[PDB]
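A closer look at the structure
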Amino acid sequence: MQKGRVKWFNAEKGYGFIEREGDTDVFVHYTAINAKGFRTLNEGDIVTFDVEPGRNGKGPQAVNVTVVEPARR
């Protein structure tokens, strides 16, 4: 799969973007976040995820998203 760093996540609106090294940002919707304790992401979180075709049209879209390191804000 892929890892990345969350660039921004609007907790109110339920979506954000994950930055990838040398690659385009990936859109992430809250429905894509695995049930492992966190219902949101925070800027700075390290995450793992896959990418698959999606319906959203905000760039490539992440699925199966899991926090690795929550942000050390």
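Residues numbered from 1 in each chain as written, not as in the entry; some residues may be left out. Heavy atoms only, no water.

Per the PDB record, the structure was determined using X-ray crystallography to 1.65 Å resolution.

The name the PDB entry gives the protein chain is Cold shock protein, with Thermus thermophilus as the organism. The title given to this entry in the Protein Data Bank is "Crystal structure of cold shock protein 1 from Thermus thermophilus HB8". Annotation of the protein chain in UniProt includes, under Subcellular location (unreviewed entry), the sentence "Cytoplasm". (UniProt positions renumbered as here; feature names shortened; annotations may be inferred.)

Another aspect to go through is the packing of aromatic side chains. Tallying each qualifying case throughout the model produces four aromatic pairs. Ring geometry for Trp8 against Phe17: centres 6.1 Å apart, planes inclined by 20°, an arrangement best described as stacked. Look at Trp8 and you get partly exposed, because its relative accessible area is 36%. The interplanar angle of 45° and the centroid separation of 5.6 Å between the aromatic rings of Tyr15 and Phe27 together place this pair among those described as tilted. Placement of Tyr15 in strand β2 (residues 15-19) and of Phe27 in strand β3 (residues 26-29) is noted, with a sequence separation of twelve residues between them. Assigned by exposure class, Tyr15 and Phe27 land together as buried. Joined through ring pairs, the aromatic side chains of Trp8, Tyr15, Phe17 and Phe27 make up one cluster. Above the face of the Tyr15 ring, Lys58 is positioned so that its terminal group lies 5.1 Å from the ring centre. (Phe/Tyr/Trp six-rings, centres within 6.5 Å; stacked < 30°, edge-to-face > 60°. Buried < 20%, exposed > 50% of the residue type's maximum accessible area, 1.4 Å probe, protein only. Helix = DSSP H or I, 4+ residues; strand = E, 2+ residues; numbered from the N terminus. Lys NZ or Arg CZ within 6 Å of the ring centre and 35° of its normal.)

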